[PDB]
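First the proteins, then the strands, lettered A, B, ... as listed; each starts at 1. When reading the values below, keep in mind they use all heavy atoms of this one structure, side chains included, and skip hydrogens, waters and symmetry mates.
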Amino acid sequence: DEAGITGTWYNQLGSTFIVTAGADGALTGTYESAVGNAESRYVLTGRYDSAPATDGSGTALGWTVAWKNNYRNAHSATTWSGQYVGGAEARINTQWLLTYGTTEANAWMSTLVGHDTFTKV
Amino acid sequence: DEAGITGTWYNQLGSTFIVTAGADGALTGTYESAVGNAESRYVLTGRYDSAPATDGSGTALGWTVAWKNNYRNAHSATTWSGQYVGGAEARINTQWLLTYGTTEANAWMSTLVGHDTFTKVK
Amino acid sequence: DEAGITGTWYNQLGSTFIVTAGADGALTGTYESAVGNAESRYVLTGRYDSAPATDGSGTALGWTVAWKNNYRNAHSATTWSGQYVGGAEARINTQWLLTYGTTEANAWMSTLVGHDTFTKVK
Amino acid sequence: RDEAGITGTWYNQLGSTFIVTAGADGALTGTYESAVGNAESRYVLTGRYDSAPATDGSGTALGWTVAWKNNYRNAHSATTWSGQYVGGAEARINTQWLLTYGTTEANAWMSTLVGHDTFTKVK
Ligand SMILES: Cc1ccc(CNCCNC(=O)CCCC[C@@H]2SC[C@@H]3NC(=O)N[C@@H]32)nc1
Ligand SMILES: Cc1ccc(CNCCNC(=O)CCCC[C@@H]2SC[C@@H]3NC(=O)N[C@@H]32)nc1
Ligand SMILES: Cc1ccc(CNCCNC(=O)CCCC[C@@H]2SC[C@@H]3NC(=O)N[C@@H]32)nc1
Ligand SMILES: Cc1ccc(CNCCNC(=O)CCCC[C@@H]2SC[C@@H]3NC(=O)N[C@@H]32)nc1
Ligand SMILES: [Br-]
Ligand SMILES: [Br-]
Ligand SMILES: [Br-]
Ligand SMILES: [Br-]
Ligand SMILES: [Mn+2]
Ligand SMILES: [Mn+2]
Ligand SMILES: [Mn+2]
Ligand SMILES: [Mn+2]
């Protein structure tokens, strides 16, 4: 929940996910990608389920980064959808979609799909 | 495209997407799904490219809904990733990922994928 | 069903899907893409549910194309996963994944996602 | 080039068993046994791979499909995997997959699951 999700996370690519979870389900923070058309930190915002099920399952969440900041614009956005899994070694397991702006002729090739797993080390 | 994106949108399922695009690149609003384990409106937040290319390319954006509100909690979240296409028939074309909370044994089946197209036509 | 799926199908991009459905679940045929790094016809192979439910549901199916023929090699492959929906205007509704060969450091950007709907027209 | 490398018996992180033969000009044929889901024993699979991959260290593109009907069960669904075979000291197949099951048109929006499987020859 709030304290478990709040903090600094790293995925398998070395990217840095700094996030604050609110009591009301909000996610806010910054994202630093180690790959792609990206430099420094980007704003992120998202939502999480603030009252998850009581059977040991994960906590559903998602967030968005638009890849524009003061240093670069990649004309694109990524959303991550996944679940937070608490425990001795907490994890956030996600799938993501990255859309970049295209003409309509090229819309068919506008979206990349992948998967990221975040840990606290 | 603050003026363009801001407003009330409907997808091909009849779901209602009410959104304000702010100066900073923020999207805020509410989502009401016509389908699924959902009732009434849900908070949404997201981001968009506030300085898109002017060469006919769409405007990249995305947003998230956690499916908990005052009526129901479906223990799930959807993110939409897409682009806004201006013109006489403005459109937001998206693909989405819906994840629901699972045990680790069942996490292989935790995520649905699909696509929604939105217009301002009621 | 066999005769339902067998034939020539077109998607919203203008691509041509020529398929034969065998009695025990086989799909074989050729694909011609109207877009991308492709020219002429490519071999496809797939599988479909040869005993679908008779409760109004679609018929699940999928197929793969590797983008190599005698004209060209694009070092990539696409898989389509969807369902055949019968009736007056038959349709095949799919989502697809296109993976191209990358180095391990670039594997994160290796796979595109999209959706194609096939009908008998165009 | 990767004909012999791809050919063999593979396992993913769920414990599923992927037995495949790669033909010299791009065909994949074999069987798939899922450790999870509405599945029992082996299912037929067919697919394609790039039989002439690029040189500068790129992986080899491939994909395959399983329809989840065999002599034991019919789950009225199909999965496609799309990914890359990577060589090296320990060969791996990294995939993303789409599982579609038959629905009514009213429910077509919830018809497709997405996930990812990584295969190796160990276990
Ligand atoms: C022909 C053609 C034309 C245009 C493009 C755009 N190409 C995408 C550009 N936009 C970025 O590169 C933004 C950074 C994304 C980083 C991802 S986000 C998901 C994953 N997880 C991480 O931590 N980093 C990665 N392509 C091909
Ligand atoms: C075996 C199994 C177990 C659990 C579930 C949960 N099943 C998802 C539950 N959560 C919802 O049902 C929330 C509403 C989502 C509405 C979607 S969001 C994307 C699309 N676009 C729209 O406008 N509405 C739809 N399943 C299968
Ligand atoms: C930055 C970067 C680097 C490398 C690549 C390679 N990229 C390989 C492209 N490989 C092809 O272009 C083959 C044809 C696929 C056509 C698709 S298949 C799915 C959809 N549906 C249709 O009918 N046609 C389309 N890219 C971007
Ligand atoms: C709400 C709702 C309604 C209907 C269904 C049907 N649900 C389709 C079931 N069809 C199977 O269960 C076949 C086995 C799939 C195994 C997968 S294939 C991809 C992954 N990788 C592996 O090795 N095994 C797994 N659901 C939810
Ligand atoms: Br790029
Ligand atoms: Br549900
Ligand atoms: Br390309
Ligand atoms: Br099932
Ligand atoms: Mn490409
Ligand atoms: Mn299922
Ligand atoms: Mn790219
Ligand atoms: Mn569901």
Side-chain angles (χ1 to χ4, degrees), chain A residues 22 24-28 31 42-69 73-85 87 91 93-107 110-113 115, chain B residues 24-28 31 42-69 73-85 87 91 93-108 110-113 115:
Chain A
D24 56 346
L27 300 178
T28 72
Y31 198 101
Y42 298 81
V43 171
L44 73 86
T45 185
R47 301 290 295 172
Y48 74 108
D49 169 16
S50 47
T54 66
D55 58 357
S57 55
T59 299
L61 42 63
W63 69 93
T64 301
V65 171
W67 298 105
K68 170 183 163 263
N69 66 14
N73 190 357
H75 301 309
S76 51
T78 297
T79 68
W80 289 259
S81 180
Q83 51 189 314
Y84 159 84
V85 186
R91 198 171 278 275
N93 296 308
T94 74
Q95 291 228 237
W96 50 256
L97 294 165
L98 180 166
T99 306
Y100 67 99
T102 65
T103 68
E104 283 155 65
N106 293 330
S110 69
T111 311
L112 278 191
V113 65
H115 49 98
Chain B
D24 52 339
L27 303 180
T28 73
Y31 203 94
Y42 297 81
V43 167
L44 69 95
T45 190
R47 306 279 302 156
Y48 71 108
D49 178 9
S50 41
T54 62
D55 64 343
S57 299
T59 302
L61 57 66
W63 71 90
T64 302
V65 167
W67 296 105
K68 167 189 196 274
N69 68 9
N73 187 351
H75 303 311
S76 49
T78 299
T79 67
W80 291 254
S81 179
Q83 67 189 303
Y84 163 84
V85 192
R91 200 171 270 279
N93 298 319
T94 71
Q95 304 198 59
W96 54 255
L97 296 170
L98 184 172
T99 299
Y100 69 88
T102 66
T103 64
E104 263 181 272
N106 297 329
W108 68 270
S110 71
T111 310
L112 283 176
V113 61
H115 50 99

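- When heavy atoms are compared at a cutoff of 4.5 Å, A:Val43 approaches chain B by way of both its backbone and its side chain.
- With a threshold of 4.5 angstrom between heavy atoms, A:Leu61 approaches chain B through N, CA, C or O but not through any side-chain atom.
- By the 4.5 Å heavy-atom criterion applied to side chains, B:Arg47 and A:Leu44 are not counted as neighbours.
- B:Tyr100 is not listed as a side-chain neighbour of B:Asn106, based on a closest heavy-atom distance of 4.5 Å or more.
- One distance of note links OH of A:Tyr31 with OG1 of A:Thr45; it measures 15.5 Å at 0.5 Å rounding.
- Here B:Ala51 is the residue among B:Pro52, B:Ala105, B:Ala51 with the most heavy-atom pairs under 4.5 Å with chain A.
- A side-chain donor-acceptor contact under 3.5 Å links B:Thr79 and A:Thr79.
- Top candidate by heavy-atom pairs under 4.5 Å with chain A, chosen from B:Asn93, B:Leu98, B:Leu97, is B:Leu97.
- With rounding to the nearest 0.5 angstrom, the CH2 atom of A:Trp96 is 8.5 Å from the CH2 atom of A:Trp80.
- Residues A:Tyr48 and B:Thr64 form no side-chain contact, since every pair of their non-hydrogen atoms from C-beta on lies 4.5 Å or further apart.
- Side-chain atoms of B:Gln95 and A:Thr99 form no donor-acceptor pair, as typed in the model, at a separation below 3.5 Å.
- Interface remark: A:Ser50 contributes backbone and side-chain atoms alike to the contact with chain B (heavy atom separation under 4.5 Å).
- In this structure, no portion of B:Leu27 lies under 4.5 Å from any heavy atom of chain A.
- Of the listed residues (B:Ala60, B:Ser81, B:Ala107), the one with the most heavy-atom contacts under 4.5 Å to chain A is B:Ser81.
- Chosen from B:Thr102, B:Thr103, B:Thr78, the residue pairing most often with chain A at heavy-atom distances under 4.5 Å is B:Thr102.
- A:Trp67 does not touch chain B: none of its heavy atoms, backbone or side chain, sits under 4.5 Å away.
- In terms of non-hydrogen atom pairs under 4.5 Å with chain A, the most contact-rich of B:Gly56, B:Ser110, B:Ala53, B:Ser76 is B:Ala53.
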